[PDB]
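Asks: just dropping in an experimental structure and the matching sequence.
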Protein chains: 2
Amino acid sequence: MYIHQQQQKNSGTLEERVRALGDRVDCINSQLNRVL
Amino acid sequence: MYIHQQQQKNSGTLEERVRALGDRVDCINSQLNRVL
């Protein structure tokens, strides 16, 4: 439970949120290239 | 009015803006999967 809470704190940090955000928009760009 | 201003300050924080941003791009990915 402590390891899981630290992982939720690290994934809840702002830099990791922006990095996962960038991964999400890379997935959006990849799927839009698959549509195109 | 003080509760509303504190809610606008919390929603105006940078971490909550990035979290709502990630929710917006999750909605974009969901609607693009609905198009696909």
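Replies: Everything's here; your move. Numbering: from 1, shown residues only, chains lettered A, B, ... in the order given.

Asks: what about residue A:14, how many neighbours?
Replies: Neighbour count for residue A:14, taken as other C-beta atoms under 10 Å in any protein chain shown: 13. For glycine as for every other residue, the C-beta is placed from the backbone atoms N, C-alpha and C.

Asks: sorry, wrong one. I was asking about residue A:31.
Replies: By the criterion of other C-beta under 10 Å, residue A:31 has 15 neighbours.

Asks: do residue A:16 as well
Replies: By other C-beta under 10 Å, the residues close to residue A:16 number 12.

Asks: got the angle for the top helix by length along chain A vs helix B:14-35?
Replies: Looking only at chain A and at elements set by DSSP state H, the helix with the highest residue count is helix A:14-35. Orientation note: helix A:14-35 sits at an angle of 20 degrees relative to helix B:14-35 (axes from the mean of the first three to the mean of the last three C-alpha atoms, to 10 degrees).

Asks: tell me which strands and helices helix A:14-35 is in contact with?
Replies: Contact analysis of helix A:14-35 by 3 or more C-beta pairs under 8 Å, 6 or more residues apart in numbering or on different chains; DSSP states H and E lists helix A:2-11, helix B:14-35 as its packing neighbours.

Asks: redo those as JSON lines? Include distance to residue B:7.
Replies: Listed next are the helices and strands packed on helix A:14-35 as JSON lines, based on distance: least, C-beta to C-beta, whole Å:
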{"stretch": "helix A:2-11", "distance to residue B:7": "23"}
{"stretch": "helix B:14-35", "distance to residue B:7": "10"}
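
Asks: highest mean neighbour count out of these?
Replies: helix B:14-35 (a mean of 12; mean count of other C-beta atoms under 10 Å in any protein chain shown).

Asks: can you list the neighbours in contact with that one?
Replies: Contacts to helix B:14-35, defined as C-beta atoms under 8 Å, 6 or more residues apart in numbering or on different chains, come from residues A:14, A:17-18, A:20-21, A:24-25, A:27-28, A:31-32, A:35, B:10-11.

Asks: closest one to residue B:6 among the helices and strands packed on helix A:14-35?
Replies: Nearest to residue B:6 among these is helix B:14-35 (12.3 Å), distances taken as C-beta to C-beta.
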